Amino acid sequence: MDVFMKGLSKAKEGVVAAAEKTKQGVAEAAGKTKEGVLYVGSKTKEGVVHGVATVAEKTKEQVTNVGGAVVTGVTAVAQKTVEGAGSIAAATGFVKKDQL
Amino acid sequence: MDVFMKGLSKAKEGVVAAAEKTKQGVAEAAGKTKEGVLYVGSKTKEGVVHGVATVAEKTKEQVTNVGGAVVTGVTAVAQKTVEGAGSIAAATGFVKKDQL
Amino acid sequence: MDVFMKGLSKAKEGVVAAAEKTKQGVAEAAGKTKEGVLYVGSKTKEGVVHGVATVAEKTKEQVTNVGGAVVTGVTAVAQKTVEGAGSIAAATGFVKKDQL
Amino acid sequence: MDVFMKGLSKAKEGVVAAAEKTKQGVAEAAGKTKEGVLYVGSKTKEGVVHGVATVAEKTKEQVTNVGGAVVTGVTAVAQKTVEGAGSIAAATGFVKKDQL
Amino acid sequence: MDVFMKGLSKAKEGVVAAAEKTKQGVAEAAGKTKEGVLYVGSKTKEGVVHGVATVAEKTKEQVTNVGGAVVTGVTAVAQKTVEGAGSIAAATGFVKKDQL
Amino acid sequence: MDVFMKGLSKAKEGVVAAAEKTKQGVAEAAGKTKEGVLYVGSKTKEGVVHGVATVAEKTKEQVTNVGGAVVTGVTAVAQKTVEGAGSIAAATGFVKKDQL
Amino acid sequence: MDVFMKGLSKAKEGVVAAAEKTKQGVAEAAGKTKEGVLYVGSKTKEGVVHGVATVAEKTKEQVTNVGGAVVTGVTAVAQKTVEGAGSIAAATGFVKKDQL
Amino acid sequence: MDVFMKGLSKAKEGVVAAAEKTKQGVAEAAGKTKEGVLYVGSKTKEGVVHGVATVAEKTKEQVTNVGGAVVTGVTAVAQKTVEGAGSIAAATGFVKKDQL
Amino acid sequence: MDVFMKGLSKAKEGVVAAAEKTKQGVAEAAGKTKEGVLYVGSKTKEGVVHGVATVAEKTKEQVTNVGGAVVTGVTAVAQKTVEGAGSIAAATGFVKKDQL
Amino acid sequence: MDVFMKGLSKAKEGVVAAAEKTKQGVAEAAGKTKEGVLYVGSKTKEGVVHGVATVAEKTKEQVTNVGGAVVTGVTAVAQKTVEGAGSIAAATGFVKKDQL
Amino acid sequence: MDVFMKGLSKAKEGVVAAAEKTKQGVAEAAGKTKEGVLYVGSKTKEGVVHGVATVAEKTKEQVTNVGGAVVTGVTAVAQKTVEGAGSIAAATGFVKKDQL
Amino acid sequence: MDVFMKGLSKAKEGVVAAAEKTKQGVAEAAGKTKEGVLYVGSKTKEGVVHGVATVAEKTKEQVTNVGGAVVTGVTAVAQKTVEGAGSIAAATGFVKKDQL
Amino acid sequence: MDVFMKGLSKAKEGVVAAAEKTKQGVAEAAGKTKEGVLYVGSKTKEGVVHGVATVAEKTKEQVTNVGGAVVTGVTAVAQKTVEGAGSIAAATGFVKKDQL
Amino acid sequence: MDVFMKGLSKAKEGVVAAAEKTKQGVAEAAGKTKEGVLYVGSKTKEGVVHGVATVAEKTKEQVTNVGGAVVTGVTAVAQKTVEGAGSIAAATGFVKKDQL
Amino acid sequence: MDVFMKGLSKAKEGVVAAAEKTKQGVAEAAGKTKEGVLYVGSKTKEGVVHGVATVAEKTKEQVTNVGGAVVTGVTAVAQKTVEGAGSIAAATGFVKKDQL
């Protein structure tokens, strides 16, 4: 009555150029819980921005965003409010409770 | 009465150029729960933005967004409010409870 | 009375160029629950934006979004409100409860 | 009385260029539940935007969205309100409860 | 009645050029919980920004953001407020409680 | 028994682009007289002359006028001759002669 | 028994681009007289002359005028001749002669 | 029995780009007289002359005027001749002669 | 029985770029007279002359005027001849002669 | 029975870039007279002359004027001849002669 | 049995100005044969070409031949082909074979 | 049985100005044969070419031949081909074979 | 049985100005043969070329030949090909074979 | 049985100015043969070329030949090819074979 | 049975000014043969070239030949090829073979 886990990665020509959260032979349990969280952001991989020209002869205002992945003008809230009573979050990877 | 898990990744010519959350031989349990969360963002992969010209001769306002993946002007809320009583979230990978 | 899981990835010429959430030999349980969440965003893969010109001679306002995948002007809410009593969310990968 | 699962991915010339949520030999349980969620967004794959010109000689307002996949001006809500009593969501991958 | 875990990484020609959170033979438990957190930021990998020219002849205001991945003008909050009573978050990797 | 005159010009977005002799809140008396005068001339506002080609292979004379508003070859006289006796010109804005 | 005059010009966004003899809150008397005068001339505002080509292969004479507002070849006289006796020109803004 | 005059110019965003004889809150009397005068001239505001080419292969004479506002070849006289007796020109702004 | 005049110029963002004879809060009397005068001249404001090419292969005469505002070949006289007797020019701003 | 005049110029952001005869809070009397005068000249403000090429291969005469505001070949006279008797020019700003 | 031949040229005033193949007392035999020959050419005697003018203003091609005797654009062949057997050409001046 | 030949040229005033192949007392035999020959050429005698003018203003090609005797653009062949058997050409001046 | 030949040239006033191949008392045999020959050329005698002017203003090509006798652009071949068997050419002046 | 030949040239006033191949009392045999020969050339006698002017203002190519006798651009071949068997050319002046 | 030949040249006033190959009393045999030869050249006698002017203002190429007799641009071959068997050329002046 045991627990056994492993991960092999025998590799000859391995290339992971521009990646994120890659698993190449693993064994996880990975329990996770999030009550109030918030992700804001822009990611780019193998992007190219070649040649940009902006002029303004006689103006009162001019804004500009050009990059490969842009995010502008956001307003977010993220909350969990337990104002009465009782709140439980288990988030268990795996349970093993066996008798004999 | 045991638990066994593994993952192999024998590989000869492997290429993962621009990727995200890739699994190439794994064994997971992966329990997860989210009460109030919020994702805002723009991602791009192998994008190209070549040649951009914006002018403004005599104006009062001019805005511009050009990039390969844009997000602008959002307003989001995300919440869980337990104001009375009682709230449970299990989110279990896998259970094994066997007798004999 | 055991549990057995594994994943193989013998590979000769593997190419995963621009991908997301790819599985190439896995074994999961994957319990998950979401009460109030919110996804907003724009993604692009192998996009190309070549040649963009915007001018404004004599105006009072001019906005512009050009990129390969755009999202603008959203207003979303996402909530779960338990104001009385009682709320349960199991979200179980798999159960194994066998006697003998 | 056991549980057995696996996934093979013997591959010679594999190409996954621009994809999302691809499985090439897997074995899942995958329980999932969502009470109140919300997806807003635009995705593009192998898109091309070549040649764009917008001018405005003498105007009071001019807006423009051009990209390969656009989304603009949305207003969504998504909620689950349990204000009385009682709410259950099982969302189970698979159950195995056998006697002998 | 023991616990056994390991990870191998026999490798001949390994290249991990520009990556993040990569695992090449591991064995984890990985319990984690987050009550109120907040991620804001822009990441880029193998990006190129070649050739940028912005001029302003006679104006009152002109802003500009050009880089490969930009994020501007955000306003986020992230909170968990337990103002009544009771709040628990387990977030367990894996449990093994077996008798004999 | 007084005289009162004024002129207001409260203005939010005022634009007078190409104009002449414009009054936007005034109070005048404006007496004027002209015995012998003479106006000759050409005026243009927001005119455009784009693309003009004139050739002359083998000629003895060739004249040309092209501009947006042309005036050519005039011969005018303007006179007032008082050779006897008596000539009066009042040209009064406004008179106020009241007794009591 | 007094005289009162004034002019206000409260202004928020005022623009007078290419104008002439503009009054935006005034109070005038403006007596004026002209016996013999003469105006000759060409005025232009916001004009554009783009692209002009004139050639002359083998000629004896070729004249050309192209500009936005042209005036050519005039011959004017303007005179007032009082050769006998008596000539009066009042040109009064406004009179106020009141008794009591 | 007095005289009162004033002019205000409270201004927030004032722009007078290319103008002439503009009044923005004034109070004038402005008596003026002209016996023999003469104005000749060409004025231009916000003009543009872009691209001009004139050639002459084998000719005896070729004249050319191109500018935005041209005036050429005028012959004017302006005179007032009082050769007998008597000539008066008042040109008064405003009179105030009140008794009591 | 007095005389009172003033002029205010409270100003926040004032811009007078290329102007002439502008009054922004004044109080004048301004008597003026002109017997024989003469104005000849060309004025330009915010003008542009870009690109001018004139050639002459084998000719006997070639004249050219190109500038934004040109004046050429004028012949004017301006005179007032009082050869008999009597000539008066008042040109008074404003008179105030009140008894009591 | 007095005379009172003043001029204020409270100013926060004042800009007078290229101007002439500008008054920003004044109080004048300004009597003026001109018998025989003469103005000849060319003025320019914010002008630009970019790129000028004139050639002459084999000619006998070639003249050229290019600048932003040109004046060429004028012949003017301006005179006042009092050869008999009597000539008066008052040109008074303002008179105040009140009894009591 | 002999052969006798002679030629006399007693001459007093002989003139041969411009000639060709002239005989003035001769005695010939003159055997001749020609199998394949070819004469091309132009001859002139006592010719005169006085005054020739050719011009070409603007053309793509112009050819000209003027001389007293011209020959242009010929294409001739001249041949004798004996490809079988037998070919004789005697061409004898004169034979004298007499017996006795 | 002999052969006798002679030629006399007693001459008093002999003139041979411009000639070719002239005989003035001769005695010939003159056997000759030509199989494949070719004469091309132009001859002139006592020719005169006085006054020639050719111009070309603006052309792409212009050829010219003027002389007293011209020959241009010929293409001739001249051949004798004996490819079988047998070919004889005698070309004898004169034969004398007499017996007795 | 002999052979006798002679030539006399008693001459008093002999003139041979410009000639070619002239015989003035001769006695010839003159056997000659030509298999493949070729004459190309131009000859002139007592020629005159007085006054020649050729100009080219602006062209791409201009050729010219003027002389008294011109030859241009020829292409000739001249051949005798005996490729089988047998070819004889006698070309005898004169034969004398007499018996007795 | 002999051979006798001679040539006399008694001469009083002999003039041979510009000549070629002239015989004035001769006695020849003159056997000659030519298999493959080629004459190219220009000859002139008593020629005159007086006054030649060629100009080229602005061209790409201009050729010119003017002389009294010109030859240009020829291409000739001259050959005799005996590739089989047998070829004879006698070319005899004169034969004398007489018996007795 | 002999051979006798001679040549006399009794001469009183002999003039041979500019000549070539002149015979004035001769006695020849003159056997000659030419297999492959080639003459190229220009000859002139008593020629005159007076006054030559060539100019080139602005060109890319200009060639010129002027002399009394010119030859330019030739390409000739001259050959005799005996590649089989047999070739004879006699070319005999005169034969004398007589018996008795």
# chains A, B, ... in the order shown; residues from 1 in each chain; ligands from 1
call {"tool": "residues_around", "arguments": {"residues": "segment 34-47 of chain C", "least_positions_apart": "4", "cutoff": "8 Å", "atoms": "only C-alpha atoms", "output": "JSON, numbers by chain"}}
result
{"B": [33, 34, 35, 36, 37, 38, 39, 40, 41, 42, 43, 44, 45, 46, 47, 48, 68, 69, 70, 71, 78, 79, 80], "C": [18, 19, 68, 69, 70, 71, 77, 78, 79, 80], "D": [18, 33, 34, 35, 36, 37, 38, 39, 40, 41, 42, 43, 44, 45, 46, 47, 48, 79]}
call {"tool": "select_by_dssp", "arguments": {"residues": "chain M", "states": "strand (DSSP E or B)", "output": "PyMOL selection string"}}
result
chain M and resi 3-7+11-18+22-23+31-36+39-45+48-54+65+69-82+85+88-89+92-96
call {"tool": "residues_around", "arguments": {"residues": "segment 85-92 of chain C", "least_positions_apart": "6", "cutoff": "10 Å", "atoms": "only C-alpha atoms", "output": "NGL selection string"}}
result
(:A and (85-92 or 94)) or (:B and (31-33 or 82-95)) or (:C and (29-35)) or (:D and (29-35 or 82-95))
call {"tool": "closest_residue", "arguments": {"among": "A:55, A:66, A:76, A:26", "to": "residue 6 of chain A", "atoms": "only C-alpha atoms"}}
result
A:26
call {"tool": "atom_distance", "arguments": {"atom1": "atom CA of residue 3 of chain O", "atom2": "atom CA of residue 96 of chain M"}}
result
16.4 Å
call {"tool": "atom_distance", "arguments": {"atom1": "atom CA of residue 73 of chain N", "atom2": "atom CA of residue 62 of chain L"}}
result
17.0 Å
call {"tool": "atom_distance", "arguments": {"atom1": "atom CA of residue 1 of chain O", "atom2": "atom CA of residue 9 of chain M"}}
result
28.2 Å
call {"tool": "interface_residues", "arguments": {"of": "chain A", "to": "chain H", "cutoff": "12 Å", "atoms": "only C-alpha atoms", "output": "list in words"}}
result
residues 58, 59 and 60 of chain A
call {"tool": "write_last_selection", "arguments": {"atoms": "N, CA, C and O atoms", "output": "tab-separated table (two decimals), in the first residue's frame"}}
result
chain	number	residue	atom	x	y	z
A	58	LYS	N	-0.09	70.25	-36.14
A	58	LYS	CA	-0.61	71.28	-35.24
A	58	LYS	C	-1.89	70.76	-34.61
A	58	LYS	O	-2.98	71.00	-35.13
A	59	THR	N	-1.77	70.07	-33.48
A	59	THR	CA	-2.92	69.43	-32.87
A	59	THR	C	-2.98	69.76	-31.39
A	59	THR	O	-2.07	70.37	-30.83
A	60	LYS	N	-4.07	69.34	-30.76
A	60	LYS	CA	-4.24	69.52	-29.33
A	60	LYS	C	-4.04	68.25	-28.54
A	60	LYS	O	-3.80	68.32	-27.34
call {"tool": "residues_around", "arguments": {"residues": "residue 52 of chain D", "least_positions_apart": "6", "cutoff": "7 Å", "atoms": "only C-alpha atoms", "output": "VMD selection string"}}
result
chain C and resid 51 to 53
call {"tool": "write_last_selection", "arguments": {"atoms": "N, CA, C and O atoms", "output": "mmCIF file, in the first residue's frame"}}
result
data_model
loop_
_atom_site.group_PDB
_atom_site.id
_atom_site.type_symbol
_atom_site.label_atom_id
_atom_site.label_comp_id
_atom_site.auth_asym_id
_atom_site.auth_seq_id
_atom_site.Cartn_x
_atom_site.Cartn_y
_atom_site.Cartn_z
ATOM 1 N N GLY C 51 1.212 47.293 -43.396
ATOM 2 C CA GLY C 51 0.861 48.472 -44.154
ATOM 3 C C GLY C 51 -0.399 49.121 -43.644
ATOM 4 O O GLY C 51 -1.502 48.673 -43.960
ATOM 5 N N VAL C 52 -0.255 50.189 -42.872
ATOM 6 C CA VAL C 52 -1.388 50.872 -42.263
ATOM 7 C C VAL C 52 -1.097 52.361 -42.259
ATOM 8 O O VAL C 52 -0.047 52.789 -41.770
ATOM 9 N N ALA C 53 -2.022 53.151 -42.793
ATOM 10 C CA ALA C 53 -1.851 54.594 -42.868
ATOM 11 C C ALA C 53 -3.169 55.265 -42.533
ATOM 12 O O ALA C 53 -4.170 55.025 -43.208
#
call {"tool": "residues_around", "arguments": {"residues": "residue 7 of chain L", "least_positions_apart": "5", "cutoff": "10 Å", "atoms": "only C-alpha atoms", "output": "PyMOL selection string"}}
result
(chain K and resi 5-9+25-27) or (chain L and resi 24-28) or (chain M and resi 5-9+23-27) or (chain N and resi 7+25-27)
call {"tool": "residues_around", "arguments": {"residues": "residue 21 of chain A", "least_positions_apart": "4", "cutoff": "8 Å", "atoms": "only C-alpha atoms", "output": "number ranges by chain"}}
result
B: 20-22; E: 20-23
call {"tool": "decode", "arguments": {"residues": "segment 1-84 of chain L", "atoms": "C-alpha atoms", "output": "PDB file, in the first residue's frame"}}
result
ATOM      1  CA  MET L   1      55.107  30.985-140.585  1.00  0.00           C
ATOM      2  CA  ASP L   2      55.502  33.584-137.842  1.00  0.00           C
ATOM      3  CA  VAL L   3      53.486  35.860-135.561  1.00  0.00           C
ATOM      4  CA  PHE L   4      53.749  39.636-135.726  1.00  0.00           C
ATOM      5  CA  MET L   5      52.072  42.253-133.565  1.00  0.00           C
ATOM      6  CA  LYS L   6      52.799  45.828-132.566  1.00  0.00           C
ATOM      7  CA  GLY L   7      51.235  49.073-131.454  1.00  0.00           C
ATOM      8  CA  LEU L   8      52.028  52.677-132.309  1.00  0.00           C
ATOM      9  CA  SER L   9      51.164  55.775-130.329  1.00  0.00           C
ATOM     10  CA  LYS L  10      52.472  58.804-132.212  1.00  0.00           C
ATOM     11  CA  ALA L  11      50.773  61.647-130.368  1.00  0.00           C
ATOM     12  CA  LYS L  12      50.922  65.443-130.500  1.00  0.00           C
ATOM     13  CA  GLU L  13      48.469  66.851-127.900  1.00  0.00           C
ATOM     14  CA  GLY L  14      47.260  63.906-125.843  1.00  0.00           C
ATOM     15  CA  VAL L  15      45.068  64.361-122.788  1.00  0.00           C
ATOM     16  CA  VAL L  16      43.580  61.531-120.729  1.00  0.00           C
ATOM     17  CA  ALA L  17      42.149  63.366-117.754  1.00  0.00           C
ATOM     18  CA  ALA L  18      40.106  60.966-115.607  1.00  0.00           C
ATOM     19  CA  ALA L  19      39.779  57.609-117.321  1.00  0.00           C
ATOM     20  CA  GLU L  20      40.176  53.899-116.746  1.00  0.00           C
ATOM     21  CA  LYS L  21      41.233  50.976-118.948  1.00  0.00           C
ATOM     22  CA  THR L  22      42.042  53.042-122.032  1.00  0.00           C
ATOM     23  CA  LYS L  23      44.032  51.633-124.936  1.00  0.00           C
ATOM     24  CA  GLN L  24      45.560  53.887-127.585  1.00  0.00           C
ATOM     25  CA  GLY L  25      47.305  51.481-129.923  1.00  0.00           C
ATOM     26  CA  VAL L  26      47.742  47.934-128.652  1.00  0.00           C
ATOM     27  CA  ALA L  27      47.829  44.303-129.736  1.00  0.00           C
ATOM     28  CA  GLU L  28      46.586  41.726-127.250  1.00  0.00           C
ATOM     29  CA  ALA L  29      45.848  38.052-126.817  1.00  0.00           C
ATOM     30  CA  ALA L  30      44.071  38.335-123.458  1.00  0.00           C
ATOM     31  CA  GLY L  31      42.798  34.979-122.315  1.00  0.00           C
ATOM     32  CA  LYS L  32      40.958  35.168-119.012  1.00  0.00           C
ATOM     33  CA  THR L  33      38.632  33.036-116.899  1.00  0.00           C
ATOM     34  CA  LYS L  34      36.801  33.627-113.624  1.00  0.00           C
ATOM     35  CA  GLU L  35      35.112  30.848-111.665  1.00  0.00           C
ATOM     36  CA  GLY L  36      33.719  32.643-108.651  1.00  0.00           C
ATOM     37  CA  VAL L  37      34.418  36.345-108.238  1.00  0.00           C
ATOM     38  CA  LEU L  38      32.672  39.358-106.811  1.00  0.00           C
ATOM     39  CA  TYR L  39      32.920  43.069-107.457  1.00  0.00           C
ATOM     40  CA  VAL L  40      31.336  45.550-105.106  1.00  0.00           C
ATOM     41  CA  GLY L  41      32.154  49.215-105.144  1.00  0.00           C
ATOM     42  CA  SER L  42      31.349  52.783-106.132  1.00  0.00           C
ATOM     43  CA  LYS L  43      33.413  54.900-108.511  1.00  0.00           C
ATOM     44  CA  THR L  44      33.129  58.571-109.396  1.00  0.00           C
ATOM     45  CA  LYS L  45      34.932  60.795-111.881  1.00  0.00           C
ATOM     46  CA  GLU L  46      34.786  64.597-111.973  1.00  0.00           C
ATOM     47  CA  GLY L  47      32.188  64.646-109.233  1.00  0.00           C
ATOM     48  CA  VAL L  48      31.283  67.591-107.032  1.00  0.00           C
ATOM     49  CA  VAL L  49      29.409  67.640-103.717  1.00  0.00           C
ATOM     50  CA  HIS L  50      28.962  71.248-102.607  1.00  0.00           C
ATOM     51  CA  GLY L  51      26.883  72.154 -99.591  1.00  0.00           C
ATOM     52  CA  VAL L  52      25.374  69.589 -97.237  1.00  0.00           C
ATOM     53  CA  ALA L  53      23.626  70.216 -93.922  1.00  0.00           C
ATOM     54  CA  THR L  54      21.873  67.604 -91.787  1.00  0.00           C
ATOM     55  CA  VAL L  55      20.497  68.278 -88.316  1.00  0.00           C
ATOM     56  CA  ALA L  56      18.623  66.170 -85.774  1.00  0.00           C
ATOM     57  CA  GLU L  57      16.786  67.998 -83.016  1.00  0.00           C
ATOM     58  CA  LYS L  58      15.436  65.214 -80.776  1.00  0.00           C
ATOM     59  CA  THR L  59      15.379  61.807 -82.443  1.00  0.00           C
ATOM     60  CA  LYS L  60      16.173  58.176 -81.793  1.00  0.00           C
ATOM     61  CA  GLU L  61      17.910  57.339 -85.079  1.00  0.00           C
ATOM     62  CA  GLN L  62      18.927  59.097 -88.278  1.00  0.00           C
ATOM     63  CA  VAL L  63      21.220  57.723 -90.971  1.00  0.00           C
ATOM     64  CA  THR L  64      22.408  59.527 -94.071  1.00  0.00           C
ATOM     65  CA  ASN L  65      24.498  58.929 -97.184  1.00  0.00           C
ATOM     66  CA  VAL L  66      25.102  61.819 -99.537  1.00  0.00           C
ATOM     67  CA  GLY L  67      28.157  61.266-101.699  1.00  0.00           C
ATOM     68  CA  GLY L  68      28.136  61.345-105.467  1.00  0.00           C
ATOM     69  CA  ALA L  69      27.876  57.556-105.793  1.00  0.00           C
ATOM     70  CA  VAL L  70      26.751  55.514-102.795  1.00  0.00           C
ATOM     71  CA  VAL L  71      26.213  51.801-102.181  1.00  0.00           C
ATOM     72  CA  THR L  72      24.795  50.553 -98.896  1.00  0.00           C
ATOM     73  CA  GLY L  73      23.418  47.375 -97.394  1.00  0.00           C
ATOM     74  CA  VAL L  74      24.295  44.581 -99.800  1.00  0.00           C
ATOM     75  CA  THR L  75      24.581  40.849 -99.201  1.00  0.00           C
ATOM     76  CA  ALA L  76      25.988  38.784-102.042  1.00  0.00           C
ATOM     77  CA  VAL L  77      27.506  35.350-102.455  1.00  0.00           C
ATOM     78  CA  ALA L  78      29.380  34.047-105.465  1.00  0.00           C
ATOM     79  CA  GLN L  79      30.463  30.454-105.768  1.00  0.00           C
ATOM     80  CA  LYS L  80      31.177  27.532-108.045  1.00  0.00           C
ATOM     81  CA  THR L  81      30.844  24.113-106.435  1.00  0.00           C
ATOM     82  CA  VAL L  82      32.077  21.081-108.362  1.00  0.00           C
ATOM     83  CA  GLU L  83      31.031  18.287-106.028  1.00  0.00           C
ATOM     84  CA  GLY L  84      30.739  15.452-108.541  1.00  0.00           C
TER      85      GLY L  84
END
